[PDB]
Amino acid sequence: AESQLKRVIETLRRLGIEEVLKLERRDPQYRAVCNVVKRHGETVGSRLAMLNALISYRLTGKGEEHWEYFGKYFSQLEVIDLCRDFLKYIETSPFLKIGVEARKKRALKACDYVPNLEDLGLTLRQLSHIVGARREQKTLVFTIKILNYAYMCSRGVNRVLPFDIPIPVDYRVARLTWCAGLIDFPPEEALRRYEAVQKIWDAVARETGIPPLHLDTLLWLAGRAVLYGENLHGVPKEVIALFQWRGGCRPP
């Protein structure tokens, strides 16, 4: 795990933060969010993207497919009242059919909230209170990453996220951490012990110069290839190889 930790650091050190930012523009999720922002403008588009991130849990299929549906839905539809229209979308989407009333309830709490795209740290604190969760919880930090996508699209700029916002420990991140040999307890346990997993990726961030929410992009892109055998050039070959250390960590 210490030896694996060193291998991971010295491999990702090969990629600058500049290369990571470039790689990140090819995330299918970035394209969906950017299509919605181009259609609706910065304020409305960023609100829609925010709401989508806040309910991106217990999906039927892949994260990426859910985001593609979101992009197509809002890119070709006029939006008048944001709460109403978003709740209607929740009732329609095949990715969101599980626990729809609890989803609507969460969306209703954050409905009227306008995020501050220039101070994402302030926004994370505000979201923690509105939604009612610890700031390190996976859906909160993932929402910050989505907000960065919306800002970068809107303004046509790069922006490197802070080191002090940790990685979102979903089931994909937990499995990949296990697959790279960085943890000895199972991925299902890692979801509960998310702070311990966050501590590992913080170490990696400090030593590589790649902040945790940008590391998240590398794991998600790599996961597409290791778990499903798809988008095989999403990251360099040597990055993929890091997450194939344990037996089972290959496509069927």
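One rule holds for the numbers: they count along the sequence shown, beginning at 1.
Asks: Between 56 to 64 and 42 to 50, which has the larger average Cα B-factor in the PDB entry?
Replies: Averaged over C-alpha atoms, the B-factors run higher in 56 to 64.
Asks: Residue 92's Cα B-factor: lowest, middle or highest third of the chain?
Replies: Highest third.
Asks: Please place residue 156 in the lowest, middle or highest third of its chain by C-alpha B factor as given in the entry.
Replies: Residue 156: CA B-factor falls in the lowest third of its chain.
Asks: Taking the entry's C-alpha B-factors for this chain, is residue 118 in the lowest, middle or highest third?
Replies: Its C-alpha B-factor belongs to the highest third of this chain's values.
Asks: What third of its chain's C-alpha B-factors does residue 190 belong to: lowest, middle or highest?
Replies: Highest third of the chain for residue 190's C-alpha B-factor.
Asks: Consider only the C-alpha atoms of the modelled residues in this chain, order them by B-factor as the entry records it, and name the third containing residue 207: lowest, middle or highest.
Replies: For residue 207, whose C-alpha B-factor we compare with every modelled residue in the chain, the answer is the middle third.
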